[PDB]
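S.K.: below is the sequence, then the experimental coordinates.
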Amino acid sequence: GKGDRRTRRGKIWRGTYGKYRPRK
Amino acid sequence: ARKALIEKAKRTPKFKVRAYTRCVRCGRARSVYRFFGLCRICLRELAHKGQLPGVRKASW
Amino acid sequence: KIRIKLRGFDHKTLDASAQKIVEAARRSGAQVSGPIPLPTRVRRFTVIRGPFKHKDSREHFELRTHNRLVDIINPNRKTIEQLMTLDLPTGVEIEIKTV
Amino acid sequence: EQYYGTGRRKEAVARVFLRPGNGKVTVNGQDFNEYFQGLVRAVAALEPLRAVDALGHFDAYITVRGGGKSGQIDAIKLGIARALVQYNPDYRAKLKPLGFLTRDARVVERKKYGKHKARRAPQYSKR
Amino acid sequence: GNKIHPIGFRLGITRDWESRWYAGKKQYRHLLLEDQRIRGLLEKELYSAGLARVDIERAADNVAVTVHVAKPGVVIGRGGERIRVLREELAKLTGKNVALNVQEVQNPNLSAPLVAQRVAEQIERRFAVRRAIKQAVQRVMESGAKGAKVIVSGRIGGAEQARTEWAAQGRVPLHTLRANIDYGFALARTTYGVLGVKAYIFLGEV
Amino acid sequence: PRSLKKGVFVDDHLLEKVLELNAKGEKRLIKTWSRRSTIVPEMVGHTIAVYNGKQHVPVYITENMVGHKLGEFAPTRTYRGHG
Amino acid sequence: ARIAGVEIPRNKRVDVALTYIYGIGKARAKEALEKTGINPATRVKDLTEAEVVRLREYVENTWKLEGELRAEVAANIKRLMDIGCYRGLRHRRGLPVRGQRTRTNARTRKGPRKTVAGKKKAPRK
Amino acid sequence: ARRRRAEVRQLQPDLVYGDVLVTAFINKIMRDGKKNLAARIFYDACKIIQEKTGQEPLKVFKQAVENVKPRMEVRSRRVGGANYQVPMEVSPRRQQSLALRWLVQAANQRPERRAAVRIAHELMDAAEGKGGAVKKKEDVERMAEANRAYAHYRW
RNA sequence: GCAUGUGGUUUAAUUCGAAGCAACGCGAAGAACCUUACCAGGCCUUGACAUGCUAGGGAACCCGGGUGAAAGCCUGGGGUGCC
RNA sequence: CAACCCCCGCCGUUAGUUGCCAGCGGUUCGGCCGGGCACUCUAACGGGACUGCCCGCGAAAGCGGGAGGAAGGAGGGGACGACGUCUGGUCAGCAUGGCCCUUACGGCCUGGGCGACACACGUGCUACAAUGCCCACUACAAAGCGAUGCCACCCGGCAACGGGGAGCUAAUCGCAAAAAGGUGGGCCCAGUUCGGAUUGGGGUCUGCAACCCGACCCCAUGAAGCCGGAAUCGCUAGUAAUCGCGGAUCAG
Ligand SMILES: NC(=O)OC[C@@H](O)C[C@H](NC(=O)[C@H]1NCCC[C@@H]1O)C(=O)N[C@@H](Cc1cnc(N)[nH]1)C(=O)N[C@H](C(=O)O)[C@H](O)c1cnc(Cl)[nH]1
Ligand SMILES: [Mg+2]
Ligand SMILES: [Mg+2]
Ligand SMILES: [Mg+2]
Ligand SMILES: [Mg+2]
Ligand SMILES: [Mg+2]
Ligand SMILES: [Mg+2]
Ligand SMILES: [Mg+2]
Ligand SMILES: [Mg+2]
Ligand SMILES: [Mg+2]
Ligand SMILES: [Mg+2]
Ligand SMILES: [Mg+2]
Ligand SMILES: [Mg+2]
Ligand SMILES: [Mg+2]
Ligand SMILES: [Mg+2]
Ligand SMILES: [Mg+2]
Ligand SMILES: [Mg+2]
Ligand SMILES: [Mg+2]
Ligand SMILES: [Mg+2]
Ligand SMILES: [Mg+2]
Ligand SMILES: [Mg+2]
Ligand SMILES: [Mg+2]
Ligand SMILES: [Mg+2]
Ligand SMILES: [Mg+2]
Ligand SMILES: [Mg+2]
Ligand SMILES: [Mg+2]
Ligand SMILES: [Mg+2]
Ligand SMILES: [Mg+2]
Ligand SMILES: [Mg+2]
Ligand SMILES: [Mg+2]
Ligand SMILES: [Mg+2]
Ligand SMILES: [Mg+2]
Ligand SMILES: [Mg+2]
Ligand SMILES: [Mg+2]
Ligand SMILES: [Mg+2]
Ligand SMILES: [Zn+2]
């Protein structure tokens, strides 16, 4: 789901953080 | 590396952001290494000459 | 009390210089933690070989800054008065911090 | 009182400390079976003992760092065998058959330029 | 697209660098360009003296430029004058305390960069190119050398058809790492165009 | 979009010409090159010829076209179809 | 369970179920099941008749939804074309709008591929 | 392999039964080096087998291979007109290898939702003599003596 | 389906090279302006850079106004060092 | 060709910090403190492998097989490209013969273009799902990079991020969460809790300036796609497949 920017995998791959993959 | 653009390169420009590097040698715009201020051609050349200090050829 | 870092490109000269400092501190009255080999920071460069096209051949260059620590505990005066009289390799940088 | 053996495998380094007794084993401050929670391969790490029949006649204080847990497994597994011999030099005879003293030379291959992967060449397709 | 620069290959094993100093990422960029401005000038101003190497050792605000030259007087100058002029013009373009010393290349027949040059001149002065080479290689082996090789490439003679001449004696083992092999390159600039001279000199197994 | 801290961006020298045209109640054609300028409600009802790389084309500014930048109304490239 | 106009499907957990309405995606749904205090995990056919009503209240009233939302998006593009702005033309000609390449791809915007003639390259045939 | 004959890889014995065949099968199950998941899909499938039959899964396994091992097959030869489909007997290893592959490949075909089951069932069915694991053995063996008219162009 | 390169076509311009393997995520290890070589428009002419030469006016240099999209164009004042 | 050089695999000597924790003293349970360099490691010099030993075949070279050994017959990988071929590539890196322009083919700027789109190919990414997807909790790397920068920790904020602010010229401080894996729970074969294109809306950051043409965050939209025709590519072991991590260029 690496294209899905609403997953941990999604942000993991885009190299970003958001709601769906936050820092700490 | 037309002459004017090597000079323009040095001209402190109207905005901080038109800052761009060229090769201190050939003037090449494109593959310029911060650290040497040289392009990947010149790097290669001077490296072999032995004129970049401590720059060995890698191998691992 | 006196701590010497040794950072240079060539590890022969770097290592040599540090022997000239382990002995300097002996013949002056002190004990020493030997020349400690700190890890070495490599800067690689990966240039396309040809000038035009041909991306599928490169050449790999590197830049190896080598690091040696040396400590002289129990630092006397006959020590310092044998250190600001040395200097023998060129491509070696010294930095001394009394910590 | 202890017997050591230093087992490494492919960017992993295992520190094996053997002390006779029950059979229990610590890696990095956890029970062996809790550290390798659901890893099948894990059991293999204690094959060096089982093949000399000293499982239970020992304990183990072990630490690993580096590699993946499996890499750590074959490193422990080495390290134990390395240790059974500092204890009993005659054990070599029993272990070398199945070659439990052998450092697996195999390791990840340098990515090479103009490949995608060290071997995986880029695709040539059509004309 | 063939052979590796015989120096950069041997570099660090059987051959040394022409600049020897340390510098962090901050300073390196410019001490480099500073060296290149030095070696830019001394190269122009000393072609008359036949110059092989320009060594640049460095401290802090200190530069030890060792210039390696065939005819060491020409560098010095009558009275001792010419050298002073350089040292000042150096410490001008550098803005540091330039320490220019001079070293007598005792035998130009075993200095590749010189052999190269001597040929290029000869080629510029319109000399016979084939002879020019055999006779250069000659002189090199005559003086100790264990192997030598010269390659002139370009519009040889007048020549619409740009070809390549070459010649060698002894062993010139470009693959053998422990082989001390001096390389030099000269560029001849001519009415018909430009030609390149490479000269390899095999000097000794280490 | 442009960060909200720094407001919107209009080139001072286009904003200039309009304020003079407003604070005098005059409706005379303007030409500029700064496509990159936002559209404050001050511009409304005016007519601005803007550069599209070749010429200045008139752009009558109505109400609903305020959030945008001028360049949106002079396309830069010419397209017909493929033949 | 008739909410917002559409019968959301029973058998499927409520946290999912609501997605099938226009203006409800994953988040808006799970926000609605908090604000009305309902275990989302329970199936739709396992609801209080009045539990359902609470859900209908919130959902139908706060957010602009269904075909009523299709309205605003539609008349939003409509605005853009009527304005005569770039994004307008791109919408009109059925091209990409947020600035993609068109020399290849760009297919979802132009539908299936209307192949045409072409020439003989590079040497002869 | 042009200079030498390639030397078969020696596998590590299974971590529960010891049979190297177990492992060989496992590897063929796994993908993307996911060996742990594989073992689990194997050994859990044994549990279902040990459950729904009572006997020992190791042996239902070691039986389901004989019943997919093809005693001979068709290979390919081209003579002087075109390509006559030639028959030829199948080695020790090639049998064992074809079997494991086919077991898995057609186990993965079955309708069952979960992997461990799909293995368990095919590993059972075939162990008896039914299911498209054997029907792709009874297929390669079919053409073995259906084109035996061309069985004189041998190698 | 999307990312890039390319053929083509289109364009005021879509800068240029690469063209079977050995061109096509290749020169580009970083195209919004810059880069930038193309196009349109407004500008400069010993010139953005080198070494000079003949004739006159000037210390060098520093700050402000006008016009302008900017570039440029016109203009005001401070300043008199060294041999 | 091989060899001399580099990296990896075993052991040695020298070396004990910013690394290390084996027995011991003290513990706020953090190797934290004492103390110690054993071990790990770091990184500079060295040893070790020769068909040397045994059996079988061979005039010989060498081949097959075994023993000891970390390693066995080039141990794995690197750097290293012969005389020449291609009138190969590049005058747009640089250099250079010759021809051409010189109030123009030179130079400055602002705007536009290199990003155009009936179409075609090349290389790749993400998928079409249950050996999967989502959410939570829980482990194990290496290599690099950073004092104009990396930014720990507190605060606001769904979040991008912003405000405050400690350490670090760095084996100390940081980037740094490694992801696959493990444990728990959800979904139950569905164009779906598969896929995440496209578009609407609202923000963030960089930058003089994000219309043409940036990335990022959040809400809503949730296209094609259910494993790919004729053809065709890669890889022979830590390889393929798979999973994350760093760097160069760089305001972005
Ligand atoms: N590098 C190399 O050797 O070629 C490799 C491959 O590309 C061939 C290439 N093939 C294709 O297009 C096919 N492939 C699929 C797409 C379409 C087409 O069907 C091709 O173009 N063939 C014909 C075409 C053609 C028909 N008519 C004219 N005038 N040309 C040709 O041009 N032949 C030349 C000749 O007749 O001399 C050529 O110089 C040649 C000399 N010796 C040989 Cl063998 N070939
Ligand atoms: Mg999803
Ligand atoms: Mg030029
Ligand atoms: Mg820039
Ligand atoms: Mg190559
Ligand atoms: Mg890998
Ligand atoms: Mg490696
Ligand atoms: Mg490539
Ligand atoms: Mg990849
Ligand atoms: Mg050649
Ligand atoms: Mg040549
Ligand atoms: Mg103005
Ligand atoms: Mg044969
Ligand atoms: Mg082109
Ligand atoms: Mg050209
Ligand atoms: Mg790019
Ligand atoms: Mg531009
Ligand atoms: Mg411009
Ligand atoms: Mg204690
Ligand atoms: Mg201490
Ligand atoms: Mg060594
Ligand atoms: Mg023999
Ligand atoms: Mg060799
Ligand atoms: Mg040609
Ligand atoms: Mg392009
Ligand atoms: Mg297609
Ligand atoms: Mg918060
Ligand atoms: Mg922050
Ligand atoms: Mg995880
Ligand atoms: Mg589960
Ligand atoms: Mg469909
Ligand atoms: Mg389906
Ligand atoms: Mg091979
Ligand atoms: Mg990456
Ligand atoms: Mg970076
Ligand atoms: Zn350059």
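M.R.: Perfect, thanks for sending it. Numbers count the residues shown, from 1 in each chain, chains lettered A, B, ... in the order given. Ligands and ions are numbered 1, 2, ... in the order given.
S.K.: quick one: contacts for whichever residue of chain D sits closest to chain E?
M.R.: Nearest residue of chain D to chain E: residue D:114, at 14.2 Å (CB to the nearest CB). All C-beta atoms are positioned from the backbone trio N, CA, C, and that covers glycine. Neighbouring residues of residue D:114 by CB atoms under 8 Å, 6 or more residues apart in numbering or on different chains: C:55, C:56, C:57, C:58, D:122.
S.K.: narrow those residues to those in strands?
M.R.: residue C:58 (DSSP state E).
S.K.: top of the contacts of residue D:114 by neighbour count?
M.R.: Highest neighbour count within these: residue C:58, with 18 neighbours (other CB atoms under 10 Å in any protein chain shown).
S.K.: so what's the most centrally placed residue in chain A up against?
M.R.: For chain A, the residue sitting closest to the mean C-alpha position, by CA atoms, centre = their mean, is residue A:11 at 1.8 Å. Counting by CB under 8 Å, 6+ apart, residue A:11 makes contact with A:5, A:17, A:18, A:20, A:21.
S.K.: ignoring the adjacent residues along the chain, who's closest to it?
M.R.: In space, and not counting its chain neighbours, residue A:11 is closest to residue A:21: 3.7 Å by CB to CB, 6 or more residues apart in numbering or on different chains.
S.K.: the one you found: what's it in contact with?
M.R.: A:7, A:8, A:10, A:11, A:12.
S.K.: what about 10 Å?
M.R.: By CB atoms under 10 Å, 6 or more residues apart in numbering or on different chains, the contact set of residue A:21 is A:5, A:6, A:7, A:8, A:9, A:10, A:11, A:12, A:14.
S.K.: list the buried residues of stretch B:21-39.
M.R.: B:22-25, B:27-29, B:32-33, B:36-39 (16 or more other CB atoms under 10 Å in any protein chain shown).
S.K.: distance between the top helix by length along chain B and the chain's centre?
M.R.: Longest helix in chain B, counting residues (DSSP state H): helix B:40-49. Distance, stretch centre to chain centre, for helix B:40-49: 11 Å (CA atoms, centre = their mean, to the nearest Å).
S.K.: which other helices and strands does that helix contact?
M.R.: Judged by 3 or more CB pairs under 10 Å, 6 or more residues apart in numbering or on different chains; DSSP states H and E, the packing partners of helix B:40-49 are strand B:32-33, strand B:38-39, strand B:55-57, strand C:45-48, strand C:58-73, helix E:6-10, helix E:25-45, strand E:179-190.
S.K.: now residue H:123: how far from chain G?
M.R.: Between residue H:123 and chain G the computed distance is 34 Å (CB to the nearest CB, to the nearest Å).
S.K.: so the closest residue to chain G within chain B: helix, strand or coil?
M.R.: Here chain B gets closest to chain G at one residue, residue B:17, 21.4 Å apart by CB to the nearest CB. Of the three states, residue B:17 takes helix under DSSP: H, G, I helix; E, B strand; the rest coil.
S.K.: how many residues are close by it?
M.R.: Residue B:17, neighbours per other CB under 10 Å, totals 7.
S.K.: what's the answer for the one 3 residues further on, then?
M.R.: Residue crowding around residue B:20 was assessed by other CB under 10 Å; the count is 11.
S.K.: that one contacts residue B:8, correct?
M.R.: Yes: counting by CB atoms under 10 Å, residue B:20 does reach residue B:8; the two are 9.4 Å apart.
S.K.: which single residue of chain D ends up nearest ligand 36?
M.R.: residue D:113 (21.5 Å; CB to the ion).
S.K.: dihedrals phi and psi, that residue?
M.R.: phi -70, psi 140 (degrees, to the nearest 10).
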